[PDB]
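If you're matching them up, the sequences are chains V, E and P in order. Oh and the first sequence: position 48 is 48 in the numbering used here, straight run, nothing missing. Each number in the numbering used here comes from the position in the second sequence (counting from 1) with 1000 added on. Each number in the numbering used here comes from the position in the third sequence (counting from 1) with 2000 added on. Idealized CB from N, CA, C, for every residue including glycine.
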Amino acid sequence: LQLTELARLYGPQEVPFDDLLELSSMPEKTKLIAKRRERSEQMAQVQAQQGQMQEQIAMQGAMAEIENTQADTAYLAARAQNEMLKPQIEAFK
Amino acid sequence: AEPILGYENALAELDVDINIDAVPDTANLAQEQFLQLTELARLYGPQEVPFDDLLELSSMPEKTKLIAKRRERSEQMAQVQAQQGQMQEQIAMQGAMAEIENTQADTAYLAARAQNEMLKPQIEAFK
Amino acid sequence: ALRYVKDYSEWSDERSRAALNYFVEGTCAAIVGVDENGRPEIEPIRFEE
């Protein structure tokens, strides 16, 4: 009674199910709380096996290679400076 | 173990953990279960109390010949949203998206080799 | 565990038997004591005794 009075001022953001349905005055809830806990577990296996083949492909592959074509062409623009130090001095004398 | 308060079962006795009391009348225990769910579902809403959890334990005459003509429509439609999804989620990745690791990780060796072939025309080229 | 003994001894209905001897007679009374097991019990004692 002193939870739903307190949950009404805040709202459904921080007082969820399993914390307001569990300590209720409902007849059959043990045969209902386990048929809803299973749906938030066979769905979490979708949102993990679909997330562990994005969070390994959007980084450390195809995103660490921007440190291999932009940190590596750093030595191309640098070497064309040292090979530009040559055709002015110690080239024709 | 031993009887500790003279309770020879220690699982379900009258004094401790049953406490018989009266309550207002219903027709079956599913309908009494239905009343303190829609009262609780009304505060939250139709987001987390869906069908098959509020239509099933209702007080509707013919529902077994209605709950199976609606469960089938969410199953012949899920075969559309899987056979149309398993020819997107295999083509938007590991093909046409792993090949950006084959034309951008592979041209990494072109810009690198033109450095080593730029090490040549300064020293050990003309002496 | 103190609303255990209010349910073992049936104080929910014997509180209305100490109230009826409280307005018609003068006094109400009760004795609280532990029976042959380890649990405690509260008997109401009548006004006539």
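Buried/exposed call for residue i, threshold 16 Cβ in 10 Å
{"i": "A64(V)", "result": "exposed"}
{"i": "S2009(P)", "result": "buried"}
{"i": "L21(V)", "result": "buried"}
{"i": "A1096(E)", "result": "exposed"}
{"i": "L9(V)", "result": "exposed"}
{"i": "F1034(E)", "result": "buried"}
{"i": "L1057(E)", "result": "buried"}
{"i": "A1125(E)", "result": "exposed"}
{"i": "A1108(E)", "result": "buried"}
Span of the alpha helix (DSSP H) around residue i
{"i": "residue 140(V)", "result": "Nothing about residue 140(V) can be read from this structure; chain V reaches only from 1 to 93."}
{"i": "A2030(P)", "result": "Where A2030(P) is concerned, there is no enclosing alpha helix (DSSP H), although the beta strand (DSSP E) it sits in stretches over 2030-2034."}
{"i": "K2006(P)", "result": "2005-2008"}
{"i": "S2012(P)", "result": "2011-2014"}
{"i": "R1042(E)", "result": "1029-1044"}
{"i": "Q54(V)", "result": "Counting along the chain, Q54(V) falls outside any alpha helix (DSSP H), and DSSP gives it neither H nor E."}
{"i": "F17(V)", "result": "Here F17(V) belongs to no alpha helix (DSSP H), and DSSP marks it neither H nor E."}
{"i": "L1110(E)", "result": "1108-1116"}
{"i": "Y2022(P)", "result": "2020-2023"}
{"i": "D1025(E)", "result": "Counting along the chain, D1025(E) falls outside any alpha helix (DSSP H), and DSSP gives it neither H nor E."}
{"i": "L2002(P)", "result": "Neither: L2002(P) is in no alpha helix (DSSP H) and is coded neither H nor E."}
{"i": "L1014(E)", "result": "1014-1017"}
Endpoints, beta strand (DSSP E) assigned at residue i
{"i": "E2043(P)", "result": "2040-2044"}
Proximal chain P residues relative to residue i, where beta-carbon distance stays under 7 Å
{"i": "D1052(E)", "result": "Under the 7 Å cutoff, chain P gives no residues; its nearest Cβ is about 38 Å from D1052(E)."}
{"i": "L1005(E)", "result": "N2037, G2038, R2039"}
Beta-carbon separation (whole angstroms), residue i vs residue j, contact threshold 8 Å
{"i": "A1012(E)", "j": "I1004(E)", "result": "Rounded, the Cβ-Cβ distance is 15 Å, inconsistent with contact."}
{"i": "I2042(P)", "j": "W2011(P)", "result": "6 Å"}
{"i": "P27(V)", "j": "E1032(E)", "result": "6 Å"}
{"i": "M1093(E)", "j": "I57(V)", "result": "6 Å"}
{"i": "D1053(E)", "j": "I1067(E)", "result": "With a Cβ gap of about 11 Å, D1053(E) and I1067(E) do not count as contacting."}
{"i": "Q1036(E)", "j": "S25(V)", "result": "6 Å"}
Contact list for residue i against chain E, beta-carbon separation under 8 Å
{"i": "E65(V)", "result": "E1101, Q1104, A1105, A1108"}
{"i": "residue 95(V)", "result": "The displayed coordinates of chain V run from 1 to 93. Any statement about residue 95(V) would go beyond what the structure contains."}
Within chain E, partners of residue i - CB distance below 7 Å
{"i": "residue 164(V)", "result": "Nothing in the structure corresponds to residue 164(V), since chain V is present only between 1 and 93."}
{"i": "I57(V)", "result": "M1093"}
Per-residue contacts from residue i into chain V (C-beta, under 8 Å)
{"i": "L1029(E)", "result": "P27, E28"}
{"i": "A1111(E)", "result": "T69, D72, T73, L76"}
{"i": "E1048(E)", "result": "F17"}
{"i": "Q1083(E)", "result": "Near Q1083(E) there are no residues of chain V at all, since even the closest Cβ is about 16 Å away, more than 8 Å."}
Contacts that residue i makes with chain P (C-beta to C-beta distance below 9 Å)
{"i": "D1015(E)", "result": "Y2004, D2007, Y2008, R2039"}
Beta-carbon neighbours of residue i, restricted to chain E and to distances below 9 Å
{"i": "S40(V)", "result": "Within chain E, no residue comes near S40(V); the closest Cβ sits about 10 Å away, beyond 9 Å."}
{"i": "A34(V)", "result": "Within chain E, no residue comes near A34(V); the closest Cβ sits about 13 Å away, beyond 9 Å."}
{"i": "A44(V)", "result": "Chain E residues near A44(V): none, gap ~16 Å exceeds 9 Å."}
Residue i Cβ short of 7 Å to the ligand SAH heavy atom set
{"i": "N82(V)", "result": "Of the ligands one can find in the structure shown there are none, so the ligand SAH has no counterpart to examine."}
Contacts that residue i makes with chain P (C-beta to C-beta distance below 8 Å)
{"i": "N1019(E)", "result": "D2007"}
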